[PDB]
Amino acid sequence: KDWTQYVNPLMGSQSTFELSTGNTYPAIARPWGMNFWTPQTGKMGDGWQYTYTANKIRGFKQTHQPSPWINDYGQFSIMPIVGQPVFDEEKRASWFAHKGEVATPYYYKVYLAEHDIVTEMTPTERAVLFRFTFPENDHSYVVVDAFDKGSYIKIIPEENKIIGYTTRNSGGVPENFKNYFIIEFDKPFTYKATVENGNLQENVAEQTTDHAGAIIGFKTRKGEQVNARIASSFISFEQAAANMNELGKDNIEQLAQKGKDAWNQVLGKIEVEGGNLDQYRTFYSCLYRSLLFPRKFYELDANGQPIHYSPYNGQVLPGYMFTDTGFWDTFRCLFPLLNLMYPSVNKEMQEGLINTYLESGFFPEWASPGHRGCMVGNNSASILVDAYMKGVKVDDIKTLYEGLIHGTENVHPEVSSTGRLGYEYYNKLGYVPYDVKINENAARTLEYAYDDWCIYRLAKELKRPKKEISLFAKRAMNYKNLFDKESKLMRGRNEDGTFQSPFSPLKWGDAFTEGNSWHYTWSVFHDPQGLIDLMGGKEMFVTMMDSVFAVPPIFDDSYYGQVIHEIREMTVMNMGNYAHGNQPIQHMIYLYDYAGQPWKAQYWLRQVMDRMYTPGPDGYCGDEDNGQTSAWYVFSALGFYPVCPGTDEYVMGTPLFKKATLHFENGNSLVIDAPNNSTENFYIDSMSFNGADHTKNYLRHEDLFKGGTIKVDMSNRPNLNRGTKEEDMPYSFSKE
């Protein structure tokens, strides 16, 4: 029963600065692996470390990068060569072609045309095995590149061993940051040299310098194979040596099988059938991408118990730790997918978040590996509360709540996206003003209002004092403070209470983040009825929604000074101002359900699924973003979506396959049966749940978990009478 066959690690690699089709690299890794491995086509330092259109590989690199924008840390590479012992990253490079390359989650192989070498690699969570097949040559070499900005290398010939550390990073690390690595060869060195800032030094054992490296050599027969066992650690060499045991004594074939098994274990929790090969590939590739971030950032001590280097305070402490995710992205549906299908994994992650707070003073928003300045909002609140409300409960609930309250009245002194920038204005006025030097003020307000509803939900659940509950119940309505009755849109508001003038609904950034008013107005996840009312009723609301799709993709880009890829991605799509390639508008289509018109959602969701996702190297319509854009497709292909994390609800869309089966960790299974599904039959004519007629526009977490069968009768005509009743509507705070 194999699903890995459908996973294309190359999907999203054909991307540029100007137009993203994913901005991914081939992550050769275990699910949520501490260390990822990738072929490297880019130069050292370039966020675009692998691009499909590149012709040369120059190394096989350990990487932790979550995006080309955030860039990398804990990074070093290995490169087999023939002829001269050359360290230079250009001179050592080799031409290759994609037809000479095999990429899967558990195994990567490539043929290096300028050296006549085959490279294979199979990783575990923290370690990896390389196998190099060399040609007949007197002078065959392996290059180890510890990268620049301060590193260390040491050759240990009595053990066919090279060790070292790397420090090049992109911010967000303590002063003592190091990644310690160990490499063991099965073949003795006949040549050895370390490299000091590009200068080759034969029989010198050790370097401590800006850019350290090593070159070892030997004679090879035709087809002779040399294996290299590699592990790394954020704690020490001794711990890197312990991590190495993950490999046991396995060879390439045995480790590949183990990795294939670990991926089939997780991918196979969702079985789809009755689709075409494009759909299978697109689905499972998206699922693979949803099971990578945040990465494990903990290691195992001698008793098999988790310990971690703190990317927050630089100490080595007990317990879980994860990193490399921006909650601004992944609150939306990535983490919800974990709460539905992988709750035991999120349990580890949530414990890790308690540790971020204890070690740093704040919950993270963007972490890579420590706090990084990027995006907006206080959406850790959604993550933390959603997990708790769906039965993923940390040990220390006391600290959990305190951490949440802390975030509402503090901003990190060095990292402005950590905590709530503008909390003082927000707490006092009910919004962050447009004219007080706090950029992206309207986006901050709207997301905080939602984050406060999340806190309200937990405070109520925890039976906090009525005063606290009331405060957050009030703050949750702060989205009303930026609604402009005249345009029916959200609008920047001045400190004096006047609306910002002149108002451009089509202007990106400024008051908003990477979007305009037409994208951000819909950010009222917890109260769509409230928004419906603000607009003057469901008919007007639907009119506003339809117009998003109907207009040209005209924009105003003056806040950025250039057509950023996010805007360009939107212009080429021919779907009006529906900017699906970015996060803010991603839940929007599901809002049709709340207005009593689910057939419109069914239509537009099928459009997006068919057109905006392809399984090739240019498969996405914009940045993939650590699982968010991928997990969107996974949920939407299943036929539902967590519009409002922190509720128990999944809002109905339209399924893509004829059959889908979910295998929950509790041992129950759900069958979603849509036997008449096709390219033409994308409307839901009727639905039943275990025999009972089901006309509601939503499904509940605990009902899903019980198991059984959902039957969906597909049709090529919209049913105008189903899901229009009040009791069919999903949750709105205003009705509560």
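In this text, residue numbers run from 1 along the sequence as written. We call the rigid core the largest set of C-alpha positions that still match within 1.5 Å between the two forms.
- Between stretches 118-126 and 557-565, the one whose Cα atoms sit farther from the displayed model in 5 other deposited structures of this protein on average is 557-565 (core-aligned, root mean square).
- Of the two segments examined, 683-691 and 25-33, it is 683-691 that shows the higher average Cα temperature factor in the deposited entry.
- Higher average CA B factor: 714-722, of the stretches 9-17 and 714-722.
- Comparing the C-alpha B-factors of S382, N626, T282, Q207 in the entry, the top value falls on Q207.
- If you compare the C-alpha temperature factors of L638, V392, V128, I117 in the entry, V392 comes out highest.
- Ranked against the other modelled residues of its chain, the C-alpha B-factor of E246 as given in the entry falls in the middle third.
- In the PDB entry, a CA B factor belonging to the lowest third of its chain's modelled residues is recorded for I585.
- In the PDB entry, a CA B factor belonging to the highest third of its chain's modelled residues is recorded for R475.
- Among the modelled residues of the chain, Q201 sits in the highest third by CA temperature factor in this PDB entry.
- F657: CA B factor lies in the middle third for its chain, per the PDB record.
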